[PDB]
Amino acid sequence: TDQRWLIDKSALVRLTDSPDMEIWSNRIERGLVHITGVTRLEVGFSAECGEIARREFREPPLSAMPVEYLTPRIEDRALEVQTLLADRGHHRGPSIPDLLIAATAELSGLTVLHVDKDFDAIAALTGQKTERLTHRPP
C-alpha cells in the first residue's frame, strides 16, 4: 500500500513484544518505517555506553529506517500545536519529543506508530493519522 510510518520511541522499544512483530520486521526491511533525528538521540541516551549505541545504529533494524530531520516549518508547527493544546487546557504536556515527532509526521505525510496516549491529544487538534502498536494480551 502507499502507507508509511514514523516510529516513536514508545513503539520502538515494544516491537519485540507485539503479536505483529514479524509484520513490522518486514515493513522495516521494505523501507516503510522512518525514524527522526530526535528519536535517534533518545536511543543514544538510553544506551548504557557509546559502543552499544554505535552498534545499534550500524545494524538492523535502525540502519534500515530512513531518517527524517527537522525543518523550520516543522519546528514552528510543533510550537503552534503546543500553544493550541494549552488553549484547550493541556498543562505540562504533551512532551517536546512527542510534539516534534507528530509535527514531522504531519508535514511529511507519515502515520505516527506509537504506544503513547498523548498522540491522541495531539490528533484531537491536528486530525493526523496515528497507529497504536498491538500489545500481547495479558
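Residue indices: 1-based, along the sequence shown.
- Relative to its counterpart among 91-99 and 76-84, 91-99 has the higher mean temperature factor, C-alpha atoms as listed in the PDB entry.
- Among the modelled residues of its chain, residue 44 has a C-alpha B-factor that falls in the lowest third, as given in the PDB entry.
- Among the modelled residues of its chain, residue 27 has a C-alpha B-factor that falls in the lowest third, as given in the PDB entry.
- For residue 130, the recorded CA temperature factor ranks within the lowest third of the chain's modelled residues.
- Compared with the other modelled residues of the chain, the Cα B-factor recorded for residue 114 ranks in the lowest third.
- Ranked within its chain, residue 37 lands in the lowest third, by CA B factor from the PDB record.
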